[PDB]
Structures are given as C-alpha cells and as structure tokens.
Ligand SMILES: *[C@@H]1O[C@H](CO)[C@@H](O)[C@H](O)[C@H]1NC(C)=O
Ligand SMILES: *[C@@H]1O[C@H](CO)[C@@H](O)[C@H](O)[C@H]1NC(C)=O
Ligand SMILES: *[C@@H]1O[C@H](CO)[C@@H](O)[C@H](O)[C@H]1NC(C)=O
C-alpha cells in the first residue's frame, strides 16, 4: 500500500527498543500482588504471608479507621453489595468513557 | 524506613551521601489456628476488644495479632453487641466472669 511513518523513522537511523519486562510478566506481578493482598492482607508485605478470612480482614480495616468491628459483622451483605456495585460502575465507566 | 515493622534508624556519614541503618521487626515462626469472628454466650454476641479469637483442638482463646499469647476469654477483654442471629460464622463458647468467684467467696 503506502509507506508507513515507522519505516521512514527506521530508515533514517531511529530505533525503538523493547522493554525488559513483557506484559505477561507485569500481569503475573499484578496477579501475585492481588492474591497476596486478598488472602493475607498486609502481612505478606512485611514478612511471611499469613492467611486470614476476608471478613475478619475487613473488620481489621474498619478497626483501623476508627469504626468498631461489629459494624461490619452486622452489615456484611450490604457492604459486599456496595463493593460489587462500585466495581460494576467502574466497569461501566471504562466501557463507556475513554477520557 | 525499611522493610518490616519499623522500630529505629541510625544515620551514618558517607562521601556525597548518607547511610541509614533501619531496624525493623519481622515475625518468624507462624502456626495454623482455627478462628471465629465472635463468641455466642447466653444469647449475646461477644467481640474482642483488641486481638483475635483463636482455638486449638479443644479450647478457645484470645490473643494479640502479631504474637501468640493466648489468654482466657473474659468480659474484661471482650465487649457485647447484639445477639447471635446476625453474625456469620459465630460459634458457641463460654465467657468467664471474674465477679462471680469474688462474690461467692
Ligand atoms: C498450615 O496448613 C497448610 C494447609 O493445611 C499447610 O500447607 C501449612 O504447612 C500449615 N502450616 C503453616 C505454618 O502454615
Ligand atoms: C488446648 O489448650 C488447653 C490449654 O492449654 C489444653 O488444656 C488442651 O489440652 C489443648 N488441646 C489440644 C488438643 O491441644
Ligand atoms: C449454639 O447454642 C444454641 C443454644 O444453646 C443452639 O441453638 C445452637 O444450635 C448452637 N450452635 C451450634 C453450632 O451448635
């Protein structure tokens, strides 16, 4: 067809080098960080990864910000529904808006 | 200030720079335990004040989060909120009351 701009760049001595980490390696790192955060909490970032149930981890997180942990255990399904709805709104916004 | 739970730091001089000696806390020897979010006693839900409910094969204890120091579940280290029909994963156990043996004796 027609001459590309990248070919005209390459013919004049300009070269683009590939990065050391491929996208699969970045995805593996992100998945490892996500699994360590979900299963262990913050324990995996300061030593060995110690398992904890996720409801108890979220009770720990509420106890961090000054709310007593019975608030989560009495409103667990509502907070789960709010989190799922917020992830759904992020998915809808990323499917709709591109700015 | 380093990797782990930070405790102290010491500065040292270097040519065109500085060197920090970060002292940290790293947990070492973990152990598997069975846990519950609450203790149902006399129709009331008991939540720990600070720490976590753990269990060996027979008994239930309360211990702090970063070190295994099990203690007898008592009304001093637990607080009451609601009943047992709401919390998911509640278990049945007894809670010690220190006033009853002092009043009886
Ligand atoms: C705990 O249990 C898991 C699976 O049952 C096992 O792989 C692990 O070695 C146990 N001990 C520790 C200290 O995690
Ligand atoms: C659990 O701990 C209690 C108190 O130390 C002890 O009496 C009991 O024998 C232990 N049970 C098991 C199965 O280790
Ligand atoms: C806990 O005790 C209550 C009443 O004592 C009983 O109705 C309930 O079934 C018990 N729970 C379990 C898991 O045994």
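Chain B uses Swiss-Prot numbers throughout; the residues present, in order, are 1043-1147.
Just so you know, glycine gets a Cβ as well, placed from its N, Cα and C.
Per Swiss-Prot, the features are:
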type	residues	note
CARBOHYD	B:1074	N-linked glycosylation site
DISULFID	B:1082-B:1126	disulfide bond
CARBOHYD	B:1098	N-linked glycosylation site
CARBOHYD	B:1134	N-linked glycosylation site
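Checking the recorded positions B:1074, B:1082, B:1098, B:1126, B:1134 for a CB within less than 6 Å of any atom of ligand 2 leaves B:1098, listed in sequence order. Ligand 1 lies under 6 Å from the Cβ of B:1074, out of the recorded positions B:1074, B:1082, B:1098, B:1126, B:1134.
Note on residue B:1082 (disulfide bond): other Cβ atoms within 10 Å of its Cβ, all shown chains, come to 18. Ligand 3 lies within reach of B:1134 from the recorded positions B:1074, B:1098, B:1126, B:1134, judged by a C-beta closer than 6 angstroms to any of its atoms. Looking only at Cα atoms, residue B:1074 (N-linked glycosylation site) sits nearest to B:1098 among the recorded positions B:1082, B:1098, B:1126, B:1134. A distance of 5 Å separates the Cα atom of residue B:1134 (N-linked glycosylation site) from that of residue B:1082 (disulfide bond). Between residue B:1082 (disulfide bond) and residue B:1098 (N-linked glycosylation site), the C-alpha separation comes to 18 Å.
In terms of local Cβ density within 10 Å, B:1134 ranks first among the glycosylation sites B:1074, B:1134. Following the DSSP three-state reduction, the secondary structure of residue B:1082 (disulfide bond) is strand. Residue B:1098 (N-linked glycosylation site) and residue B:1126 (disulfide bond) have their C-alpha atoms 23 Å apart, to the nearest angstrom. Around residue B:1126 (disulfide bond), the same-chain residues six or more apart in sequence whose CB sits under 8 Å from its CB are B:1080, B:1082, B:1085, B:1086, B:1087, B:1132, listed in sequence order.
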